[PDB]
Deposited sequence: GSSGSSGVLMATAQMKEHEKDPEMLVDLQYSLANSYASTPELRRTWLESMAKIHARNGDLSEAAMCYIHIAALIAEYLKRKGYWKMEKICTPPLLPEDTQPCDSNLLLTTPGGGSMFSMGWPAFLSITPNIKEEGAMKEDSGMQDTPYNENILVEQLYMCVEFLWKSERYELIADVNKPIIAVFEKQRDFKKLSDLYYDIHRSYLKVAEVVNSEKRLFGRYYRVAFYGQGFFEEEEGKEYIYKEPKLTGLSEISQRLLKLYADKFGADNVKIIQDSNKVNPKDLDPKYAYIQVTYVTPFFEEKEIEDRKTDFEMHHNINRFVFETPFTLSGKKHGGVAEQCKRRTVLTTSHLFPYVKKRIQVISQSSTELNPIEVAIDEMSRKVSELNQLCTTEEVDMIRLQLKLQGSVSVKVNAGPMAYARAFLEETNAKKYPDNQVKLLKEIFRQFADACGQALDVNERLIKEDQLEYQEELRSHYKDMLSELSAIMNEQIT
């Protein structure tokens, strides 16, 4: 029970002590990780052990990893932790093999060449050519795998969640701390929140632990002192446009990440939900203390910032997102018909929700236009144009895919789209395709 406090307990133990305890405890953390399935945190453990041994050996004057821990800086910048404090070279390598075994089991294949690079150099010096060839073949199989699965739906690296604990005389170490929890991937909010509640409730008693579903910043003054609280919120990794440029692959999107983001709805009326003219949205970027992957699967959030989006900014955003997603769905080589029809019908024929023309009416009308900042309406006018574009492009795409038991569905999608054009015009007074 509570494998998460166990890791942190062992980890807190690996400081204020000797090199060998630090090692001993990282190894222990690793066997907990392994058996809990957090295979990347077992690999990050072995790689920290490795850099520990390297650093200790360098400092003892025993001599690539003769550099120190910087040898491993490209696996992860967390490794700089090892720079503060009867080993030998064959032990160092054996730890690096543990790492490689677990990069393999954690499907973070792209690091196998880098963790192997120093080992090759040890075996260059001893002219052990057969072991060199094994090392090279291994790296080869490693990129073979990467080539097989990279940038596809096969590899599942994790789903991330903010978790924050609040209860004065309940939590003891995590009290007031806010964390990011890296969960085995495709883990749902339902799974993690219910798992946390059952853990801490076995700790404090059945109905003394409350889930906080609101995602606003918790002020403790408003907390019923009679309970322990756990705020749980889905977050995804956050990147600036520059960063999004610099990371090509899915693995690259999950490697060395310390920033996460989540969106909270609210209305200027101070409520949580409302119509498109007053419903706003806040975007909050949490920053951890250490990048993922790390030797533990939860990392404290040390800082935070947020920005707020206008009703019209909420619309500029979601329409841009919608144009892109439909374009993208129509560039693809072998277009998935059901997903196509799903997103198309959900744009041109909505019957449960307001519809794109709700934004068109609220923000693009001449009177309501006077209300909002001008160049923002101009932006949304263009975006709405491009939107009609992508909708027509998809409506044509799908006509090819039809198996003729869906014709009348397709006329009706088309006819609804033509009405949507008519209205969009009368709001903007343009020919609109």
{"query": "Regions of the deposited sequence not represented in the model", "finding": "1 to 21, 85 to 115, 138 to 146"}
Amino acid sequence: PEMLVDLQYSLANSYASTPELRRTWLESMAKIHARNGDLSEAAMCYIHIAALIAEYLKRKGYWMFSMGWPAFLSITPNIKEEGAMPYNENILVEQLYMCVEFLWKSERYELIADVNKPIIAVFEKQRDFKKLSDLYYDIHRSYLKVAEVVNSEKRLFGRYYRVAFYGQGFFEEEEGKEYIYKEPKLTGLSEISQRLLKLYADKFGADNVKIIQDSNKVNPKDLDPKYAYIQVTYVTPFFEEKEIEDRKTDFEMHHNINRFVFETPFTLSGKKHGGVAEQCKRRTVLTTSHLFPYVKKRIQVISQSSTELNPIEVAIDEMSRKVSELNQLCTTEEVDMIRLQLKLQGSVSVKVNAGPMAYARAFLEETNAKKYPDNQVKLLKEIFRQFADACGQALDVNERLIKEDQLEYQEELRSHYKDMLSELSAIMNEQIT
From here on, numbers count along this sequence of modelled residues.
query	finding
Stretch exceeding the other in mean C-alpha B-factor - 133 to 141, 342 to 350	342 to 350
Mean Cα B-factor comparison, 34 to 42 or 54 to 62, giving the higher one as deposited	54 to 62
C-alpha B-factor winner, where the candidates are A164, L326, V235, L199	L326
Criterion, highest CA B-factor; candidates, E174, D336, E82, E240	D336
Ranked against its chain, the third holding the CA B-factor of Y359	highest
Position of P293 among the chain's modelled residues by C-alpha B-factor, lowest, middle or highest third	lowest
Modelled-residue ranking by C-alpha temperature factor, third containing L268	highest
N216 CA temperature factor, ranked by third within the chain	lowest
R155 CA temperature factor, ranked by third within the chain	middle
